[PDB]
Amino acid sequence: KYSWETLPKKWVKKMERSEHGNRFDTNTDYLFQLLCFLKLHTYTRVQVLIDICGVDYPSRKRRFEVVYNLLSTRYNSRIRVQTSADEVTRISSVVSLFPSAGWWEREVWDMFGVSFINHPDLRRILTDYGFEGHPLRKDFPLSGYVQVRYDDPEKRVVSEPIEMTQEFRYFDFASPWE
Amino acid sequence: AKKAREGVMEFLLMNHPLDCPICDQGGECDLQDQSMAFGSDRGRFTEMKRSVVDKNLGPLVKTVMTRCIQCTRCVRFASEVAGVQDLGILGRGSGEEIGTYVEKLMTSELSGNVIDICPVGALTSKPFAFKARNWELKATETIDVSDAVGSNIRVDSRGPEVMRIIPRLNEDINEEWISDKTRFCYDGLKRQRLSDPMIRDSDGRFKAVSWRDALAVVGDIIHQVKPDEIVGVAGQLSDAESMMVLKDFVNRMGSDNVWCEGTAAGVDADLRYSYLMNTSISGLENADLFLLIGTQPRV
Amino acid sequence: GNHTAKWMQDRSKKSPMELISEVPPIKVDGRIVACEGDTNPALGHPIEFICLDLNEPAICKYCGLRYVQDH
Amino acid sequence: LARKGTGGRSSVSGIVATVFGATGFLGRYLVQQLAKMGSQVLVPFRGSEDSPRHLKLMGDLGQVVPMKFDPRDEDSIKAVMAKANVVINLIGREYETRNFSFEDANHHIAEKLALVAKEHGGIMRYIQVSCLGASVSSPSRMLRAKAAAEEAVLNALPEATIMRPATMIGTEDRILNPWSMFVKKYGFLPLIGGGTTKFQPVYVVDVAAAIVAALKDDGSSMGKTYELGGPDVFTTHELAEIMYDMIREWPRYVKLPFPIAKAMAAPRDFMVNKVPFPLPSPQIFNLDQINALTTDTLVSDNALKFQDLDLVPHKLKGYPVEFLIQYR
Amino acid sequence: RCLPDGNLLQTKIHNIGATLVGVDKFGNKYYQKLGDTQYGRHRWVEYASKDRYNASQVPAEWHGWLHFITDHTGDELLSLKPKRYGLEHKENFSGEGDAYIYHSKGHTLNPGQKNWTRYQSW
Amino acid sequence: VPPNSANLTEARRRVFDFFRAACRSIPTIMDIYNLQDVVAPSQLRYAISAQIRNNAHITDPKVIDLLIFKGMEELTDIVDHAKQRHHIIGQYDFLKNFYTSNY
Amino acid sequence: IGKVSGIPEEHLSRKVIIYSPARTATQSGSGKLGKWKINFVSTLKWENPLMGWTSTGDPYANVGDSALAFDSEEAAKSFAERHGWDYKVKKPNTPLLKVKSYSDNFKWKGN
Amino acid sequence: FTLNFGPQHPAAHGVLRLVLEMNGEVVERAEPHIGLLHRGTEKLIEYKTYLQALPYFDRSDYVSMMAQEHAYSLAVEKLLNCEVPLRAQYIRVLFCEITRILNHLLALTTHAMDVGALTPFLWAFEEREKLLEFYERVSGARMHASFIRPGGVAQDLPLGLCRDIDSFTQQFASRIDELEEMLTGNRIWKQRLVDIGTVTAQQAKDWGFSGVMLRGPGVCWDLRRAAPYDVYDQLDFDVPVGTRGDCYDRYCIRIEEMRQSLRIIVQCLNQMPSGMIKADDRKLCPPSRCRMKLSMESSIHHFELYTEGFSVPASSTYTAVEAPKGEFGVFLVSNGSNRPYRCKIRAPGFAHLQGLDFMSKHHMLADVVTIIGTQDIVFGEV
Ligand SMILES: NC(=O)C1=CN([C@@H]2O[C@H](COP(=O)(O)OP(=O)(O)OC[C@H]3O[C@@H](n4cnc5c(N)ncnc54)[C@H](OP(=O)(O)O)[C@@H]3O)[C@@H](O)[C@H]2O)C=CC1
Ligand code: SF4
Ligand code: SF4
Ligand SMILES: [Zn+2]
């Protein structure tokens, strides 16, 4: 792939794949710098941040994995630059390069908790207003912690008490022999 | 190798009945999970499968020998580990039928583990007749308290009740086998349970008072009794903690009359070899000669 | 019955257990039967081959129908 | 009771209550307490099925089962109290209606529910709710009836708690919401008797919290007539002073001598006469509420207060009166 | 007729050329006006309860023919309804008083409210 | 905001910055949600300080950065009418447990 | 990282058990071993009295088993110690592959 | 000056909760508020098998249902390497394209009802109630037809569905013409749409529009011509691409894309090979009812595919199709297990509704509903 020859070797730091869509699992420090490359470059012109997929691996040490997808409307190719930032590592924000990253990074911080550096208006986009907790993590239970909301003598108001529901039935379908 | 595996998993699923929906071990099945992983996706056998009557093997092992693949695992388990030698591979050919030739309930304990031994639904727990499925059951790696061997266990519970008690590997106490006292004691935990603190009224029948009232009446009656008259008989199922709390309670009450239910008068609990199995339960594998002094260890 | 007294509180329509215990056992020829279901092998249960070596009728587990050897 | 849960809204509390007055201002807080601590409530309603609709919520899928019943017809009260172990009674009126008279709505019902609960052996706790100072020889026929109700619910059914809530304040109440919407007569508040009345209001949430607290209590609070007074013994004028703090209005009271009021409330007291037309529920000027307003006996004596329920009432300033903001 | 107070008048403005294909047990007259025009409006039902009618009064024998799922009039599927377990329709009595409405087995309105406690108390 | 917290010193500096921000914003808090009568400024300062002190034993700088960010989020959603007010008024031994449950 | 994680206070004093789920004794296949799971005990499950189904109150009812499975005791312990849970790791009991052969079935009992 | 511009007409744009910072009538910034429709879809899918995961996709975009099941299926075949037949591909496109028509028929005339034209809404919704006679006939549910399964497609067309889709396609050029004669020529339409929400191509690229809002600006970019993901490389159709970018170009495209979709429907009808409906790999496709009942090895797979699942191998792919809203892509990380692992759903309307901030700057407050119109903002995907 042409993109790996020109790219500074240090920027594609950790990993690199070659199927199911190619990816440059880079380091969080060289990320927005790597996103600056592949865009505003004559032979690699992405210009289009398709998606920013937070992925949570609890068993890693760098829990999350902020998977930046990238389409190249010019050369008709799609590259998936990734990162790895745990719960308390502010990662560089690429809203300055692709302004679509604004809401995607708001969602990545909301769902997961990967705060974004110098991202203007980094505010919970999806979850409730007084939401405490980050849903799309793994350790966040499906039904939520305190997320039932019912009406009450505090009229015109829906409270936010601790939650109780028919227990979500987790089925252990997974079979041995893989 | 893969073609050999697919070949054999076609033969096994050839005369095998389509009992997977009505099979008790439908989810937890070696045959289903080997067919869905190593066996072929399709079966060419379109003829009359062989079928086998269901042998009566007692009030524990529900038997559907049509599902059974005649791998002989149980007829080996009953001959070797269980050591009772009742099961047999009667007949030859496809007509092979596993079970006692004469109607003979598996009088041996330790013969409920044949269901975990069985790689197929055929031999299944009749108490756990159909009550649950391999996926509903939330499993806890609990232990057992019926007998003092302290065998390891998986209390497969669905919600608030214990559906099935299944063993789990612990090579140092019970390899993969648990006594029929432990497999099928789960039914106890839901019958005749005491659920409310009942004190005795002025008549003779109980009254399900709350906890404050029952604890108050018990406390008053210990305050108005001579100390050396308090005794603290502790149950055979009581854990270490509650026995420690019972000791520390009936002690500071001015008594020393706490004791477990089974230990008779004047036990020598000073040196710990005097009430232990010093040789590990695994250590008995290296023993040359045993002298079971009474002890009836089968029971 | 008692099992059927857990889900059915009507107790006026005959309990399915009785509706199947009152249908006569079906005579057959060989030692193995099909009981593919009602009639249409695609609208019945997976075909369950039953053994008729015993003298008493051997029920089909899925449908409750009963088959006897009819020698 | 046979409680199997953690908090409420899906827990169980072994309290399958039948709050007879649930479709009412006190009822919506009591039902919410009983069905937010996780217990069934068999809310019986009298007429329009829209009455207990605001109670199908605040209870999780059958924790609140609104039922239909006729007040004068038994064999229906027995059907509402078929599957029940707690029976609270909030059925009361402050105004005589052409069909149900003061006794037939305050006393001859509470006695009837008492008897038909006695017969239905199994009602562990039967709470009886009547106004504070409802003792015989009280001027207001509502309080004499509510006193006879206490005397007949204790006689016909001993160990039956009797709350004595004083005028209860809160949203959709009958004490503050009539004064506002009469301040909408250009700040003109007609405090009757000159505000010399001394009555102890109480946040309705705390009256409910007491009615449930006598259920969760032990064998005590049985046959013991509490007096759910509240804090800050007020006077009608002083209580009105707090309304004008919430609703932005300038205090423009007037004094009304009791003869002037009883003459102004002389109409709407022909209820039994004007048969072909029901009168529009006298809100502020009620000859019987005025007879009660005369003597300031609405003060908690040495009888059991909230303190005997491990409970302390909220104040009447701030949130427990913030339902008035909707009038600004 | 005599109902100028309903859309039943729209149905009775139909039937002018329509043919009557069968009538079920409840009295619902099932009509068909094909050929003329307006596909989707060539099969209907006149509920024989000109007031207090509602949907779901159409039995299962006809609820196929009337939604155009099949082409078998209820007079043809009545030879296929199972005799042993066959049950008449119930009009969906939703709200029309208890003991007509349906109830779960713990609703406290259902006669015989079952207790779910899996443990059998002592 | 970049995590200049390469040390506990910068993190503590911006903790004091956020504390000054919340304190100097308490006026609008009391105004928009009407607590100037139920709660005193001393009490709201007390609560903010008890928050910042309840989580004072954080030897990790980035965790303090994230805590200050959650606090700024809470404040900014309290300043504006994003969250309601009935929680702001709320935001401001063994035997007695045994008698209630088994846990 | 317990306080920043938004988890309520009452669920960070929880006592967990970091086990490795033993092999399902019924099926002799090791394809589900070596996946260490935190076990929030989460025992409190009553029966919602309207219908026959159960009804938990603990938020951590299922996530202990479902979707939260690490790959090593070190990662699972690091997880349960970041969030401030009181983890008691229960080691997995592994099997001895004792030497065994076919020709031992046909052993000769001398005489 | 802040204005809480909410859902003008509910039931059309459901939870639209913009917070417009205006300047008289000129809007200075539009701040959309998301989450009012944020169901836990990107979390709930981590908890269910790859089969149970599919019904969420028809519920992701509620006006173009099967396009998202087709984007998910192509993300659990990208991993599974599950080659589907030719008939499955042709049906899958004949319904992805019927869905493009079902969406443009809504997203044009719901937009045209927000602008004010009341009748195109009801004509297009009679057309949509004709196409739901195909959805409801081929799968069962008129809207959420959980029909495009991972391997192939759920079950074959009924024996009279291509004849009816033909009898519909013959009469559908006229319906598009009416929707066009009623709106395209109008001076009250052009005036309401020309030079409204103009997006220079650099902006449509920057903000990741990638839809009918990336072909307004003139960027010739259709992921059916760029990344042909079915018979699309065989089917002939021209992607209409705008020249100005204003909301009148995006309308003209959506009204031509509704004709090229008619071409694709007519082709898929005229060339639909009589082949198997699902992939022959019976460990990814549950066997038919007839086979699983008669064959023991099929019954085992029907049991381990409707309880266990596929267990698609460990990988992570971003499969993006051209859904009607835009490039709907589902980034599907897959742990080896039978349940997905962070099935992230890139949904246009999350990138488009970002564009509302700069699209509707200096446009009058009454234009802020036209912008929301031409973005085809469906909040299920946001
Ligand atoms: N409101 C106050 O300020 C004070 C009230 N109390 C007492 O508290 C209790 C409840 O108060 P609140 O809810 O405000 O009272 P309401 O006058 O609003 O009535 C409450 C309930 O009583 C029912 N009810 C009243 N009369 C009859 C009747 N004749 N037949 C059937 N049902 C009847 C009502 O049914 P429906 O809604 O259908 O009419 C409603 O369910 C009463 O005993 C009341 O006297 C105590 C202190 C003062
Ligand atoms: S053992 Fe039972 S579940 Fe397994 S393949 Fe045989 S019939 Fe099916
Ligand atoms: S263990 Fe089960 S499958 Fe194997 S021979 Fe015995 S009965 Fe048959
Ligand atoms: Zn059968």
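What comes next concerns the included structure.

Parameters at a glance
- By convention in this text, residue numbers begin from 1 on each chain and track the written sequence, not necessarily the entry numbering, and residues missing coordinates are not displayed.
- Labels follow written order: the first chain is A, the first ligand is 1, and so on.
- Although these chains sit within a larger assembly, the values stated refer solely to the portion shown.
- Side-chain calculation: all heavy atoms of the structure are included, whereas hydrogens and water are not.
- Whether two residues are in contact is decided by their heavy atoms, any of which lying within 4.5 Å being enough.
- Pairing of aromatic rings covers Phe, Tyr and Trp, the last through its six-membered ring, and needs centres within 6.5 Å; plane angles under 30 degrees mean stacked, over 60 mean edge-to-face, and all others mean tilted.
- In this text, helices come from DSSP runs of H or I with a minimum length of four residues, and strands from runs of E with a minimum of two, each type numbered from the N-terminal end.
- A simple rule labels every residue: compare its accessible area, found with a 1.4 Å probe on the protein chains alone, to the largest value its type can have, and call it buried under 20%, exposed over 50%, or partly exposed in between.
- Definition used: whenever NZ (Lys) or CZ (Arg) falls within 6 Å of the ring centre and also within 35 degrees of the ring normal, the charge is taken to sit over that ring.
- Any N, O or S atom lying within 2.8 Å of the metal counts as a donor, with the limit raised to 3.2 Å for Na, K and Ca; because water is left out of the atom set, some sites can appear incomplete.
- Each patch is assembled from residues with relative accessible area greater than 30% and no salt bridge, linking like charges that lie within 9 Å and nonpolar side chains (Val, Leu, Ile, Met, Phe, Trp, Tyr) that lie within 5 Å.
- Here the Shrake-Rupley method, with its probe set to 1.4 Å, supplies the accessible areas, and only the displayed protein chains count as covering residues.
- Each salt bridge in this description consists of a side-chain nitrogen of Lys or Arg and a carboxyl oxygen of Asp or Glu lying within 4 Å of one another.
- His is not counted, nor are the chain ends, whereas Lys and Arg count as positive and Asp and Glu as negative.
- Where a charge sits is defined by one atom per residue type, namely NZ (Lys), CZ (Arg), CG (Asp) or CD (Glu).

## A closer look at the arrangement of the chains
For this structure, the chain pair with the highest number of contacts among 20 pairs of chains in contact is chains A and H. Without any contact between them, chain A and chain C keep their closest C-alpha atoms 20 Å apart. There is no contact between chain A and chain E; across them, the least C-alpha separation is 14 Å.

## With respect to the packing of aromatic side chains
For the coordinates displayed, the defined rule picks out 52 aromatic pairs over all chains. Residues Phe64 of chain A and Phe112 of chain A carry aromatic rings whose centres are separated by 5.6 Å and whose planes lie at 75° to one another, so their mutual orientation is edge-to-face. Remark: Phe112 of chain A occurs in the loop between helix 3 (101-111) and strand 6 (116-117) and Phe64 of chain A occurs in the loop between strand 2 (47-53) and strand 3 (67-72); sequence separation between them is 48 residues. Taking the relative accessible area as the measure of exposure, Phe64 of chain A reaches 0% and is therefore buried. Accessibility expressed as a relative area gives 1% for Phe112 of chain A, which makes it buried. Where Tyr248 of chain H meets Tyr251 of chain H, the ring centres are 6.0 Å apart and the plane angle is 35°; that geometry is what we call tilted. Here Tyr248 of chain H and its partner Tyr251 of chain H are both found in helix 11 (residues 247-270), 3 residues apart, which amounts to about one turn of the helix. Aromatic ring contacts, followed pair by pair, group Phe131, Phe140 and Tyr145 of chain A together with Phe40, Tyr60, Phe70, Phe79 and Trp85 of chain G into a single cluster. A cation over a ring is seen here: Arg200 of chain B above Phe206 of chain B, with NZ or CZ 5.1 Å from the ring centre. Above the ring of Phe26 of chain E, the side-chain terminus of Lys25 of chain E is found at 5.2 Å from the ring centroid.

## Here we look at the coordination of the zinc ion (ligand 4)
All names here are of chain C. For the zinc ion (ligand 4), the full set of protein donor atoms is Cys35 (SG), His45 (NE2) and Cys60 (SG), and the range of their distances to it is 1.9 to 2.3 Å. Taken in chain order, the donor set of the zinc ion (ligand 4) reads C-x9-H-x14-C. You can see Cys35 sitting in the loop between strand 2 (32-33) and strand 3 (50-51) and its partner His45 sitting in the loop between strand 2 and strand 3, a full 10 residues away along the chain. The exposure class assigned to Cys35 is buried, which follows from its relative accessible area of 6%.

## Brief notes about a negative patch on the surface
Residue and element names in this part refer to chain D. Where like charges cluster on the molecular surface, the negative patch consists of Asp70, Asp73, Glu74 and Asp75. Its location among the elements puts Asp70 in the loop between strand 2 (67-68) and helix 2 (77-80). A relative accessible area of 39% places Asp70 in the partly exposed class.

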